[PDB]
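What follows is the content of my_file_19.pdb (PDB, C-alpha atoms).
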ATOM      1  CA  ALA D   1     -28.871 -13.780 -29.218
ATOM      2  CA  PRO D   2     -27.961 -15.511 -25.919
ATOM      3  CA  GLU D   3     -24.247 -15.582 -26.773
ATOM      4  CA  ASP D   4     -24.262 -11.771 -26.671
ATOM      5  CA  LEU D   5     -25.811 -11.799 -23.193
ATOM      6  CA  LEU D   6     -22.725 -13.417 -21.658
ATOM      7  CA  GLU D   7     -20.790 -10.376 -22.852
ATOM      8  CA  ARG D   8     -23.516  -8.047 -21.588
ATOM      9  CA  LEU D   9     -24.050  -9.678 -18.185
ATOM     10  CA  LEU D  10     -20.330  -9.653 -17.411
ATOM     11  CA  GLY D  11     -20.440  -5.968 -18.295
ATOM     12  CA  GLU D  12     -23.022  -5.417 -15.567
ATOM     13  CA  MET D  13     -20.829  -7.154 -12.983
ATOM     14  CA  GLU D  14     -18.045  -4.752 -13.927
ATOM     15  CA  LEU D  15     -20.145  -1.790 -12.782
ATOM     16  CA  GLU D  16     -20.461  -3.361  -9.333
ATOM     17  CA  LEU D  17     -16.709  -3.975  -9.110
ATOM     18  CA  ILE D  18     -16.418  -0.199  -9.461
ATOM     19  CA  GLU D  19     -19.490   0.596  -7.327
ATOM     20  CA  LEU D  20     -18.614  -1.673  -4.403
ATOM     21  CA  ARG D  21     -15.074  -0.384  -4.934
ATOM     22  CA  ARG D  22     -16.218   3.155  -4.148
ATOM     23  CA  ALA D  23     -18.281   2.104  -1.123
ATOM     24  CA  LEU D  24     -15.307   0.439   0.562
ATOM     25  CA  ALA D  25     -13.146   3.542   0.173
ATOM     26  CA  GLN D  26     -15.807   5.707   1.820
ATOM     27  CA  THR D  27     -15.735   3.355   4.813
ATOM     28  CA  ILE D  28     -11.986   3.846   5.244
ATOM     29  CA  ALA D  29     -12.252   7.642   5.237
ATOM     30  CA  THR D  30     -14.546   7.854   8.263
ATOM     31  CA  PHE D  31     -12.358   5.279  10.009
ATOM     32  CA  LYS D  32      -9.369   7.571   9.490
ATOM     33  CA  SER D  33     -11.437  10.585  10.545
TER      34      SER D  33
ATOM     35  CA  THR S   1      -4.142 -20.380 -18.758
ATOM     36  CA  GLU S   2      -0.707 -21.988 -19.057
ATOM     37  CA  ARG S   3       1.039 -18.689 -18.324
ATOM     38  CA  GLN S   4      -1.130 -17.896 -15.297
ATOM     39  CA  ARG S   5      -0.216 -21.199 -13.639
ATOM     40  CA  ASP S   6       3.510 -20.441 -13.812
ATOM     41  CA  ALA S   7       3.119 -17.117 -12.002
ATOM     42  CA  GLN S   8       1.172 -18.659  -9.116
ATOM     43  CA  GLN S   9       3.819 -21.318  -8.504
ATOM     44  CA  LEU S  10       6.542 -18.683  -8.857
ATOM     45  CA  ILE S  11       5.041 -16.742  -5.949
ATOM     46  CA  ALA S  12       4.740 -20.047  -4.105
ATOM     47  CA  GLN S  13       8.326 -20.834  -5.082
ATOM     48  CA  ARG S  14       9.478 -17.437  -3.810
ATOM     49  CA  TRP S  15       7.887 -18.221  -0.454
ATOM     50  CA  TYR S  16       9.459 -21.682  -0.679
ATOM     51  CA  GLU S  17      12.853 -20.182  -1.497
ATOM     52  CA  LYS S  18      12.168 -17.463   1.071
ATOM     53  CA  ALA S  19      10.998 -20.088   3.562
ATOM     54  CA  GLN S  20      14.361 -21.792   2.915
ATOM     55  CA  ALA S  21      16.061 -19.038   4.940
ATOM     56  CA  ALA S  22      14.217 -19.104   8.298
ATOM     57  CA  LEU S  23      14.053 -22.736   9.433
ATOM     58  CA  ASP S  24      17.858 -22.788   9.557
ATOM     59  CA  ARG S  25      19.709 -21.649  12.683
ATOM     60  CA  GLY S  26      16.698 -22.497  14.846
ATOM     61  CA  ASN S  27      13.935 -20.172  13.575
ATOM     62  CA  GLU S  28      11.209 -22.765  13.069
ATOM     63  CA  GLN S  29       8.264 -20.477  13.855
ATOM     64  CA  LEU S  30       8.866 -18.189  10.877
ATOM     65  CA  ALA S  31       9.168 -21.069   8.404
ATOM     66  CA  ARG S  32       5.796 -22.455   9.501
ATOM     67  CA  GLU S  33       4.030 -19.182   8.714
ATOM     68  CA  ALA S  34       5.609 -18.877   5.264
ATOM     69  CA  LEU S  35       4.532 -22.384   4.246
ATOM     70  CA  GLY S  36       1.026 -21.667   5.515
ATOM     71  CA  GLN S  37       0.777 -18.836   3.002
ATOM     72  CA  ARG S  38       2.051 -21.055   0.187
ATOM     73  CA  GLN S  39      -0.817 -23.502   0.709
ATOM     74  CA  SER S  40      -3.230 -20.870  -0.602
ATOM     75  CA  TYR S  41      -1.156 -20.497  -3.770
ATOM     76  CA  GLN S  42      -0.689 -24.266  -4.043
ATOM     77  CA  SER S  43      -4.461 -24.738  -4.154
ATOM     78  CA  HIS S  44      -4.664 -22.454  -7.191
ATOM     79  CA  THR S  45      -1.850 -24.387  -8.871
ATOM     80  CA  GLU S  46      -3.577 -27.731  -8.296
ATOM     81  CA  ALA S  47      -6.894 -26.524  -9.718
ATOM     82  CA  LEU S  48      -5.180 -24.812 -12.650
ATOM     83  CA  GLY S  49      -2.783 -27.714 -13.169
ATOM     84  CA  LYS S  50      -5.541 -30.264 -13.712
ATOM     85  CA  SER S  51      -7.484 -27.930 -16.007
ATOM     86  CA  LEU S  52      -4.532 -27.406 -18.352
ATOM     87  CA  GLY S  53      -4.113 -31.151 -18.824
ATOM     88  CA  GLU S  54      -7.843 -31.527 -19.429
ATOM     89  CA  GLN S  55      -7.891 -28.746 -22.028
ATOM     90  CA  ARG S  56      -5.059 -30.438 -23.933
TER      91      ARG S  56
ATOM     92  CA  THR H   1      19.460  -2.139 -19.947
ATOM     93  CA  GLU H   2      22.967  -3.613 -19.965
ATOM     94  CA  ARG H   3      24.545  -0.186 -19.476
ATOM     95  CA  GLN H   4      22.221   0.783 -16.621
ATOM     96  CA  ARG H   5      23.198  -2.312 -14.629
ATOM     97  CA  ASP H   6      26.895  -1.408 -14.730
ATOM     98  CA  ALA H   7      26.293   2.047 -13.253
ATOM     99  CA  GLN H   8      24.291   0.691 -10.312
ATOM    100  CA  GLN H   9      27.016  -1.781  -9.355
ATOM    101  CA  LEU H  10      29.642   0.929  -9.848
ATOM    102  CA  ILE H  11      27.942   3.059  -7.194
ATOM    103  CA  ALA H  12      27.698  -0.074  -5.062
ATOM    104  CA  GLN H  13      31.352  -0.787  -5.825
ATOM    105  CA  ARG H  14      32.310   2.760  -4.831
ATOM    106  CA  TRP H  15      30.613   2.217  -1.480
ATOM    107  CA  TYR H  16      32.332  -1.177  -1.322
ATOM    108  CA  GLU H  17      35.694   0.390  -2.146
ATOM    109  CA  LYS H  18      34.792   3.300   0.130
ATOM    110  CA  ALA H  19      33.626   0.865   2.808
ATOM    111  CA  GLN H  20      37.079  -0.741   2.450
ATOM    112  CA  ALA H  21      38.579   2.260   4.274
ATOM    113  CA  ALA H  22      36.601   2.419   7.549
ATOM    114  CA  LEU H  23      36.537  -1.097   9.011
ATOM    115  CA  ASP H  24      40.332  -0.968   9.284
ATOM    116  CA  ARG H  25      42.002   0.532  12.359
ATOM    117  CA  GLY H  26      38.940  -0.246  14.476
ATOM    118  CA  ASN H  27      36.141   1.828  12.889
ATOM    119  CA  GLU H  28      33.547  -0.920  12.524
ATOM    120  CA  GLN H  29      30.480   1.298  12.981
ATOM    121  CA  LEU H  30      31.113   3.329   9.827
ATOM    122  CA  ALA H  31      31.636   0.250   7.647
ATOM    123  CA  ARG H  32      28.280  -1.178   8.739
ATOM    124  CA  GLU H  33      26.417   1.929   7.585
ATOM    125  CA  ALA H  34      28.125   1.985   4.183
ATOM    126  CA  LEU H  35      27.235  -1.644   3.457
ATOM    127  CA  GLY H  36      23.654  -0.970   4.518
ATOM    128  CA  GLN H  37      23.394   1.607   1.744
ATOM    129  CA  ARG H  38      24.875  -0.802  -0.801
ATOM    130  CA  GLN H  39      22.089  -3.317  -0.162
ATOM    131  CA  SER H  40      19.629  -0.925  -1.804
ATOM    132  CA  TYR H  41      21.816  -0.751  -4.912
ATOM    133  CA  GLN H  42      22.448  -4.506  -4.814
ATOM    134  CA  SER H  43      18.706  -5.152  -5.024
ATOM    135  CA  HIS H  44      18.538  -3.167  -8.266
ATOM    136  CA  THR H  45      21.496  -5.118  -9.650
ATOM    137  CA  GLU H  46      19.884  -8.469  -8.832
ATOM    138  CA  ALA H  47      16.583  -7.545 -10.486
ATOM    139  CA  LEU H  48      18.348  -6.035 -13.498
ATOM    140  CA  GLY H  49      20.880  -8.863 -13.652
ATOM    141  CA  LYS H  50      18.254 -11.572 -14.060
ATOM    142  CA  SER H  51      16.316  -9.546 -16.634
ATOM    143  CA  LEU H  52      19.340  -9.108 -18.903
ATOM    144  CA  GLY H  53      19.929 -12.858 -19.009
ATOM    145  CA  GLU H  54      16.246 -13.453 -19.717
ATOM    146  CA  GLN H  55      16.195 -10.926 -22.564
ATOM    147  CA  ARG H  56      19.170 -12.659 -24.194
TER     148      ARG H  56
ATOM    149  CA  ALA T   1     -27.947  30.343  36.560
ATOM    150  CA  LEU T   2     -30.115  30.555  33.437
ATOM    151  CA  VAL T   3     -27.374  31.620  31.020
ATOM    152  CA  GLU T   4     -24.994  28.935  32.282
ATOM    153  CA  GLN T   5     -27.793  26.355  32.287
ATOM    154  CA  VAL T   6     -28.889  27.067  28.712
ATOM    155  CA  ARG T   7     -25.304  26.986  27.430
ATOM    156  CA  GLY T   8     -24.942  23.470  28.814
ATOM    157  CA  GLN T   9     -27.827  22.335  26.623
ATOM    158  CA  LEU T  10     -26.104  23.884  23.610
ATOM    159  CA  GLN T  11     -22.851  22.199  24.637
ATOM    160  CA  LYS T  12     -24.554  18.805  24.931
ATOM    161  CA  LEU T  13     -26.801  19.187  21.883
ATOM    162  CA  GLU T  14     -23.918  20.278  19.656
ATOM    163  CA  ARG T  15     -21.943  17.236  20.803
ATOM    164  CA  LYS T  16     -24.833  14.886  20.044
ATOM    165  CA  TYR T  17     -25.244  16.300  16.532
ATOM    166  CA  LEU T  18     -21.781  15.600  15.123
ATOM    167  CA  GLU T  19     -21.866  12.205  16.840
ATOM    168  CA  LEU T  20     -25.098  11.454  14.985
ATOM    169  CA  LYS T  21     -23.523  12.814  11.800
ATOM    170  CA  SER T  22     -20.587  10.402  12.046
ATOM    171  CA  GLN T  23     -22.732   7.265  12.187
ATOM    172  CA  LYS T  24     -24.735   8.248   9.096
ATOM    173  CA  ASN T  25     -21.878   7.610   6.667
ATOM    174  CA  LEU T  26     -20.901   4.378   8.419
ATOM    175  CA  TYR T  27     -24.394   2.977   7.771
ATOM    176  CA  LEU T  28     -24.828   4.448   4.294
ATOM    177  CA  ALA T  29     -21.509   2.859   3.335
ATOM    178  CA  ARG T  30     -22.652  -0.531   4.613
ATOM    179  CA  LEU T  31     -25.916  -0.002   2.723
ATOM    180  CA  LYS T  32     -24.069   0.386  -0.580
ATOM    181  CA  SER T  33     -21.740  -2.501   0.271
ATOM    182  CA  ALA T  34     -24.656  -4.901   0.696
ATOM    183  CA  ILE T  35     -26.535  -3.392  -2.256
ATOM    184  CA  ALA T  36     -23.367  -3.398  -4.358
ATOM    185  CA  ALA T  37     -23.029  -7.085  -3.465
ATOM    186  CA  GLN T  38     -26.574  -8.104  -4.397
ATOM    187  CA  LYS T  39     -26.304  -7.649  -8.161
ATOM    188  CA  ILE T  40     -22.993  -9.540  -8.626
ATOM    189  CA  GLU T  41     -23.775 -12.756  -6.767
ATOM    190  CA  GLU T  42     -27.344 -12.722  -8.090
ATOM    191  CA  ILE T  43     -26.225 -12.876 -11.724
ATOM    192  CA  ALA T  44     -23.342 -15.217 -10.875
ATOM    193  CA  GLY T  45     -25.897 -17.846  -9.918
ATOM    194  CA  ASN T  46     -27.926 -16.953 -13.000
ATOM    195  CA  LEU T  47     -24.894 -17.851 -15.119
ATOM    196  CA  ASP T  48     -23.429 -21.160 -13.933
ATOM    197  CA  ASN T  49     -23.962 -21.632 -10.169
ATOM    198  CA  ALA T  50     -27.602 -21.225  -9.110
ATOM    199  CA  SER T  51     -29.090 -24.338 -10.735
ATOM    200  CA  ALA T  52     -29.987 -26.026 -14.004
ATOM    201  CA  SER T  53     -31.473 -23.716 -16.658
ATOM    202  CA  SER T  54     -28.616 -21.316 -15.850
ATOM    203  CA  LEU T  55     -27.451 -19.527 -18.985
ATOM    204  CA  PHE T  56     -23.977 -21.073 -18.814
TER     205      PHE T  56
ATOM    206  CA  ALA X   1      -8.685  52.327  29.458
ATOM    207  CA  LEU X   2     -10.728  52.155  26.248
ATOM    208  CA  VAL X   3      -7.934  53.117  23.848
ATOM    209  CA  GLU X   4      -5.501  50.666  25.446
ATOM    210  CA  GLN X   5      -8.191  47.976  25.584
ATOM    211  CA  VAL X   6      -9.163  48.308  21.919
ATOM    212  CA  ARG X   7      -5.528  48.270  20.787
ATOM    213  CA  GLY X   8      -5.082  44.914  22.505
ATOM    214  CA  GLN X   9      -7.823  43.457  20.323
ATOM    215  CA  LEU X  10      -6.041  44.798  17.245
ATOM    216  CA  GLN X  11      -2.767  43.361  18.548
ATOM    217  CA  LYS X  12      -4.342  39.936  19.091
ATOM    218  CA  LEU X  13      -6.473  39.937  15.939
ATOM    219  CA  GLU X  14      -3.546  40.946  13.730
ATOM    220  CA  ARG X  15      -1.499  38.112  15.231
ATOM    221  CA  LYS X  16      -4.256  35.577  14.584
ATOM    222  CA  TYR X  17      -4.576  36.645  10.943
ATOM    223  CA  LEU X  18      -1.031  35.972   9.739
ATOM    224  CA  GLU X  19      -1.051  32.749  11.759
ATOM    225  CA  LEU X  20      -4.169  31.688   9.861
ATOM    226  CA  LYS X  21      -2.518  32.820   6.625
ATOM    227  CA  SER X  22       0.500  30.572   7.206
ATOM    228  CA  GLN X  23      -1.519  27.370   7.558
ATOM    229  CA  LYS X  24      -3.429  27.977   4.314
ATOM    230  CA  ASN X  25      -0.449  27.247   2.066
ATOM    231  CA  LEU X  26       0.584  24.235   4.147
ATOM    232  CA  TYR X  27      -2.820  22.627   3.500
ATOM    233  CA  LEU X  28      -3.166  23.753  -0.113
ATOM    234  CA  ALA X  29       0.252  22.232  -0.792
ATOM    235  CA  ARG X  30      -0.805  18.924   0.751
ATOM    236  CA  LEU X  31      -4.006  19.134  -1.303
ATOM    237  CA  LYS X  32      -2.040  19.300  -4.555
ATOM    238  CA  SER X  33       0.368  16.609  -3.351
ATOM    239  CA  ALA X  34      -2.464  14.130  -2.815
ATOM    240  CA  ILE X  35      -4.277  15.279  -5.964
ATOM    241  CA  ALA X  36      -1.026  15.221  -7.935
ATOM    242  CA  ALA X  37      -0.576  11.649  -6.689
ATOM    243  CA  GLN X  38      -4.035  10.394  -7.656
ATOM    244  CA  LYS X  39      -3.625  10.513 -11.434
ATOM    245  CA  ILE X  40      -0.224   8.736 -11.595
ATOM    246  CA  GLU X  41      -0.952   5.672  -9.474
ATOM    247  CA  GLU X  42      -4.461   5.428 -10.929
ATOM    248  CA  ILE X  43      -3.185   4.991 -14.489
ATOM    249  CA  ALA X  44      -0.247   2.868 -13.316
ATOM    250  CA  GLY X  45      -2.731   0.227 -12.217
ATOM    251  CA  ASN X  46      -4.664   0.743 -15.442
ATOM    252  CA  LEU X  47      -1.512  -0.210 -17.353
ATOM    253  CA  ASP X  48       0.035  -3.327 -15.808
ATOM    254  CA  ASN X  49      -0.636  -3.477 -12.039
ATOM    255  CA  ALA X  50      -4.330  -3.136 -11.163
ATOM    256  CA  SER X  51      -5.621  -6.448 -12.546
ATOM    257  CA  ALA X  52      -6.311  -8.466 -15.674
ATOM    258  CA  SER X  53      -7.777  -6.477 -18.587
ATOM    259  CA  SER X  54      -5.056  -3.888 -17.897
ATOM    260  CA  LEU X  55      -3.834  -2.344 -21.140
ATOM    261  CA  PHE X  56      -0.310  -3.712 -20.693
TER     262      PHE X  56
ATOM    263  CA  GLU Q   1     -11.425  21.214   8.623
ATOM    264  CA  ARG Q   2     -13.333  20.039   5.549
ATOM    265  CA  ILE Q   3     -10.033  20.103   3.639
ATOM    266  CA  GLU Q   4      -8.718  17.285   5.823
ATOM    267  CA  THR Q   5     -11.825  15.321   4.838
ATOM    268  CA  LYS Q   6     -10.887  15.561   1.160
ATOM    269  CA  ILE Q   7      -7.249  14.813   2.009
ATOM    270  CA  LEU Q   8      -8.319  11.690   3.886
ATOM    271  CA  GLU Q   9     -10.785  10.713   1.157
ATOM    272  CA  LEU Q  10      -8.020  10.598  -1.452
ATOM    273  CA  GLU Q  11      -5.476   9.189   0.995
ATOM    274  CA  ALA Q  12      -8.081   6.607   2.001
ATOM    275  CA  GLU Q  13      -8.006   5.373  -1.604
ATOM    276  CA  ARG Q  14      -4.200   5.126  -1.470
ATOM    277  CA  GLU Q  15      -4.226   2.041   0.754
ATOM    278  CA  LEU Q  16      -6.903   0.515  -1.500
ATOM    279  CA  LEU Q  17      -5.476   0.647  -5.024
ATOM    280  CA  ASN Q  18      -2.020  -0.315  -3.675
ATOM    281  CA  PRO Q  19      -2.565  -2.460  -0.564
ATOM    282  CA  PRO Q  20       0.221  -2.030   2.000
ATOM    283  CA  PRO Q  21       2.591  -4.933   2.680
ATOM    284  CA  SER Q  22       1.412  -7.452   5.239
ATOM    285  CA  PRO Q  23       2.935  -7.409   8.739
ATOM    286  CA  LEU Q  24       4.571 -10.755   7.963
ATOM    287  CA  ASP Q  25       6.608  -9.307   5.096
ATOM    288  CA  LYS Q  26       7.403  -6.231   7.189
ATOM    289  CA  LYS Q  27       8.524  -8.591   9.948
ATOM    290  CA  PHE Q  28      10.530 -10.543   7.367
ATOM    291  CA  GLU Q  29      12.076  -7.978   5.006
ATOM    292  CA  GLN Q  30      13.621  -6.208   7.995
ATOM    293  CA  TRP Q  31      14.431  -9.606   9.507
ATOM    294  CA  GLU Q  32      16.468 -10.674   6.463
ATOM    295  CA  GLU Q  33      18.380  -7.375   6.309
ATOM    296  CA  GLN Q  34      20.053  -8.158   9.636
ATOM    297  CA  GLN Q  35      21.806 -11.103   7.950
ATOM    298  CA  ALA Q  36      22.776  -9.575   4.605
ATOM    299  CA  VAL Q  37      24.450  -6.730   6.500
ATOM    300  CA  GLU Q  38      26.157  -9.105   8.937
ATOM    301  CA  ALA Q  39      26.838 -11.825   6.362
ATOM    302  CA  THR Q  40      28.255  -9.226   3.980
ATOM    303  CA  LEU Q  41      30.195  -7.859   6.954
ATOM    304  CA  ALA Q  42      31.148 -11.431   7.881
ATOM    305  CA  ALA Q  43      33.344 -11.584   4.781
ATOM    306  CA  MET Q  44      34.535  -8.062   5.638
ATOM    307  CA  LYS Q  45      35.647  -8.603   9.237
ATOM    308  CA  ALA Q  46      37.328 -11.853   8.168
ATOM    309  CA  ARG Q  47      38.923 -10.424   5.010
ATOM    310  CA  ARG Q  48      40.392  -7.268   6.566
ATOM    311  CA  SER Q  49      41.405  -9.141   9.739
TER     312      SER Q  49
END
Just dump the structure as structure tokens.
Amino acid sequence: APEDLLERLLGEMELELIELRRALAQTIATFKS
Amino acid sequence: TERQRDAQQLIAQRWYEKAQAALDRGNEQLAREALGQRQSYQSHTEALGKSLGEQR
Amino acid sequence: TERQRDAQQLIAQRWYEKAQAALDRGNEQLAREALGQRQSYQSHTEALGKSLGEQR
Amino acid sequence: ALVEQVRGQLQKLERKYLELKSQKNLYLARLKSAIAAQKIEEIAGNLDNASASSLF
Amino acid sequence: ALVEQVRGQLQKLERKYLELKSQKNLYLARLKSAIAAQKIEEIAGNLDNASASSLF
Amino acid sequence: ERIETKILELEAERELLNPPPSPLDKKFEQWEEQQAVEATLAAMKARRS
């Protein structure tokens, strides 16, 4: 059902907004170090 | 959507109210910077403003 | 919320009353410091003051 | 001369190691950042931005 | 010369131990402080500050 | 030393989840305090005069 995909695809984007989120933090740590 | 528009202008208004305290007494430089920030929030208001009328 | 606002201004008032004892007789430095402290309490009063009217 | 000479190599080599270690994270982080960017903007176009036939 | 020499090592080593002991607590404390801070500000954003979809 | 790494790793997230105020606001919030103190004192030095 394509209408369900729009809920699923936006779910996938949410993982990135917490994966890219973690990558940025790691960059700051070494900068502080 | 209606609620979100009000908040954006409120932040813009705060900078407008807050910008209403620097230009006086000869501090023109500071006022320019504050208004520059508000333009970013104004753009959101314009886009959101038209959409709300369309959705009506 | 109404009660909490009164206490904050009372502390500010105490500093205002207490600040009303240093500026006299030539002790300007002390009065400046007392008012500086009150600004922190004034900020709470302003935020709380507007909220109480809104909640009404 | 030998003991002092060999220690210098250890002094230099040890320095070069941690320096190499530092850069590893800086490039792994930028690897995830680009990778973590690929799968958001890729689907975004798939939805309503890339072209006609987009799901939206 | 040997007995006096060896005692000096004990004198120095004993000094270095308690000095090392002192710093341990100072860093463990700052470990808890940062850790004890993580789980308050993390949920605070989850409630009403982080972004839309926040429970509040 | 590795402890500092974990300290920094968590502290590194502190500036992320709650971004620090911009230098403009820092330049301004302190800027506007110089007037509230003086303006509030303006009514003081004139009232107790």
### Message
If I take CA of residue 6 (chain S) and CA of residue 52 (chain X), how far is one from the other in Å, to one decimal?
### Response
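Separating CA of residue 6 (chain S) from CA of residue 52 (chain X) is a distance of 15.6 Å.
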### Query
Could you name the residues that touch residue 28 (chain T) at 12 Å or less, counting all atoms listed in the file, but leaving out those on the same chain fewer than 6 positions away, as a PyMOL selection string?
(chain D and resi 23-24+26-27+30) or (chain T and resi 21-22+34-36)
Give chain S as an mmCIF file with C-alpha atoms, in the frame of the given file once it has been least-squares superposed onto chain H over every C-alpha atom, paired in order.
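Written out: out-v6.cif:
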data_model
loop_
_atom_site.group_PDB
_atom_site.id
_atom_site.type_symbol
_atom_site.label_atom_id
_atom_site.label_comp_id
_atom_site.auth_asym_id
_atom_site.auth_seq_id
_atom_site.Cartn_x
_atom_site.Cartn_y
_atom_site.Cartn_z
ATOM 1 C CA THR S 1 19.460 -2.139 -19.948
ATOM 2 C CA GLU S 2 22.967 -3.613 -19.965
ATOM 3 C CA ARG S 3 24.546 -0.187 -19.476
ATOM 4 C CA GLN S 4 22.221 0.783 -16.621
ATOM 5 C CA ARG S 5 23.198 -2.311 -14.629
ATOM 6 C CA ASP S 6 26.894 -1.408 -14.730
ATOM 7 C CA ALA S 7 26.293 2.047 -13.254
ATOM 8 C CA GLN S 8 24.291 0.691 -10.313
ATOM 9 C CA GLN S 9 27.015 -1.781 -9.356
ATOM 10 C CA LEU S 10 29.642 0.929 -9.849
ATOM 11 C CA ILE S 11 27.942 3.059 -7.193
ATOM 12 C CA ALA S 12 27.699 -0.073 -5.062
ATOM 13 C CA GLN S 13 31.351 -0.787 -5.825
ATOM 14 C CA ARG S 14 32.310 2.760 -4.832
ATOM 15 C CA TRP S 15 30.613 2.217 -1.480
ATOM 16 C CA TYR S 16 32.332 -1.177 -1.322
ATOM 17 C CA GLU S 17 35.694 0.391 -2.146
ATOM 18 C CA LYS S 18 34.792 3.300 0.129
ATOM 19 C CA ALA S 19 33.626 0.865 2.808
ATOM 20 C CA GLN S 20 37.079 -0.741 2.451
ATOM 21 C CA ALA S 21 38.580 2.260 4.273
ATOM 22 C CA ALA S 22 36.601 2.419 7.550
ATOM 23 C CA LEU S 23 36.537 -1.097 9.012
ATOM 24 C CA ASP S 24 40.332 -0.969 9.285
ATOM 25 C CA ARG S 25 42.003 0.532 12.359
ATOM 26 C CA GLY S 26 38.940 -0.247 14.476
ATOM 27 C CA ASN S 27 36.141 1.827 12.889
ATOM 28 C CA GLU S 28 33.546 -0.919 12.524
ATOM 29 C CA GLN S 29 30.480 1.298 12.981
ATOM 30 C CA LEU S 30 31.113 3.328 9.828
ATOM 31 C CA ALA S 31 31.636 0.251 7.647
ATOM 32 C CA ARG S 32 28.280 -1.177 8.739
ATOM 33 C CA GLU S 33 26.417 1.928 7.584
ATOM 34 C CA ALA S 34 28.125 1.986 4.183
ATOM 35 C CA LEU S 35 27.235 -1.643 3.456
ATOM 36 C CA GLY S 36 23.653 -0.969 4.519
ATOM 37 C CA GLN S 37 23.395 1.606 1.745
ATOM 38 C CA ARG S 38 24.875 -0.803 -0.800
ATOM 39 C CA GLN S 39 22.089 -3.316 -0.162
ATOM 40 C CA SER S 40 19.629 -0.925 -1.803
ATOM 41 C CA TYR S 41 21.817 -0.752 -4.911
ATOM 42 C CA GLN S 42 22.448 -4.505 -4.814
ATOM 43 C CA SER S 43 18.706 -5.152 -5.024
ATOM 44 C CA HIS S 44 18.538 -3.167 -8.266
ATOM 45 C CA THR S 45 21.496 -5.119 -9.650
ATOM 46 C CA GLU S 46 19.884 -8.469 -8.832
ATOM 47 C CA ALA S 47 16.583 -7.546 -10.486
ATOM 48 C CA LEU S 48 18.348 -6.035 -13.497
ATOM 49 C CA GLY S 49 20.880 -8.863 -13.652
ATOM 50 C CA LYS S 50 18.253 -11.572 -14.060
ATOM 51 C CA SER S 51 16.315 -9.546 -16.634
ATOM 52 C CA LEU S 52 19.339 -9.108 -18.904
ATOM 53 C CA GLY S 53 19.930 -12.858 -19.009
ATOM 54 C CA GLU S 54 16.247 -13.453 -19.717
ATOM 55 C CA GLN S 55 16.195 -10.926 -22.564
ATOM 56 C CA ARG S 56 19.171 -12.658 -24.194
#
### Query
Could you pull the residues within 10 Å of region 44-50 of chain H, counting all atoms listed in the file, minus those fewer than 4 positions along the same chain, as a ChimeraX atom specification?
/H:1-2,4-9,12,39-40,54-55
### Task
Please provide as a list in words all residues within 12 Å of residue 25 (chain H), with the sequence filter that same-chain residues fewer than 6 positions apart are discarded (counting only C-alpha atoms).
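With the cut-off at 12 Å, the set is residues 31 of chain H; 45, 48 and 49 of chain Q.
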### Task
Starting from the displayed file, determine the output of the ChimeraX specification (/D :<8) & /T and express the residue list as a list in words.
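So the ChimeraX specification (/D :<8) & /T ends up selecting residues 22, 25, 26, 29, 30, 32, 33, 36, 37, 39, 40 and 43 of chain T.
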### Output check: residues returned by the ChimeraX specification (/H :<9) & /Q, as a list in words
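Expected selection for the ChimeraX specification (/H :<9) & /Q here is residues 33, 36, 37, 38, 40, 41, 44, 45, 48 and 49 of chain Q.
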#### Entry: Point-to-point distance from CA of residue 1 (chain Q) to CA of residue 19 (chain X), Å rounded to tenths
15.8 Å
Your completed region 35-42 of chain S with N, CA, C and O atoms, as an mmCIF file, keeping the file's coordinate frame:
data_model
loop_
_atom_site.group_PDB
_atom_site.id
_atom_site.type_symbol
_atom_site.label_atom_id
_atom_site.label_comp_id
_atom_site.auth_asym_id
_atom_site.auth_seq_id
_atom_site.Cartn_x
_atom_site.Cartn_y
_atom_site.Cartn_z
ATOM 1 N N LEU S 35 5.143 -21.255 4.938
ATOM 2 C CA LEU S 35 4.532 -22.384 4.246
ATOM 3 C C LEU S 35 3.013 -22.313 4.310
ATOM 4 O O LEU S 35 2.326 -22.703 3.359
ATOM 5 N N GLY S 36 2.468 -21.820 5.425
ATOM 6 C CA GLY S 36 1.026 -21.667 5.515
ATOM 7 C C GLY S 36 0.477 -20.780 4.415
ATOM 8 O O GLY S 36 -0.581 -21.061 3.847
ATOM 9 N N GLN S 37 1.193 -19.701 4.097
ATOM 10 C CA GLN S 37 0.777 -18.836 3.002
ATOM 11 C C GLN S 37 0.842 -19.569 1.669
ATOM 12 O O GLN S 37 -0.038 -19.401 0.816
ATOM 13 N N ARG S 38 1.879 -20.385 1.470
ATOM 14 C CA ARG S 38 2.051 -21.055 0.187
ATOM 15 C C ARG S 38 0.907 -22.015 -0.106
ATOM 16 O O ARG S 38 0.588 -22.259 -1.276
ATOM 17 N N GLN S 39 0.279 -22.567 0.933
ATOM 18 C CA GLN S 39 -0.817 -23.502 0.709
ATOM 19 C C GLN S 39 -1.935 -22.851 -0.096
ATOM 20 O O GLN S 39 -2.544 -23.492 -0.957
ATOM 21 N N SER S 40 -2.216 -21.574 0.172
ATOM 22 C CA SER S 40 -3.230 -20.870 -0.602
ATOM 23 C C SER S 40 -2.856 -20.824 -2.077
ATOM 24 O O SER S 40 -3.702 -21.057 -2.949
ATOM 25 N N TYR S 41 -1.590 -20.530 -2.379
ATOM 26 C CA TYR S 41 -1.156 -20.497 -3.770
ATOM 27 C C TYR S 41 -1.079 -21.896 -4.364
ATOM 28 O O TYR S 41 -1.338 -22.077 -5.559
ATOM 29 N N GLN S 42 -0.727 -22.894 -3.552
ATOM 30 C CA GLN S 42 -0.689 -24.266 -4.043
ATOM 31 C C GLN S 42 -2.065 -24.718 -4.509
ATOM 32 O O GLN S 42 -2.192 -25.398 -5.535
#
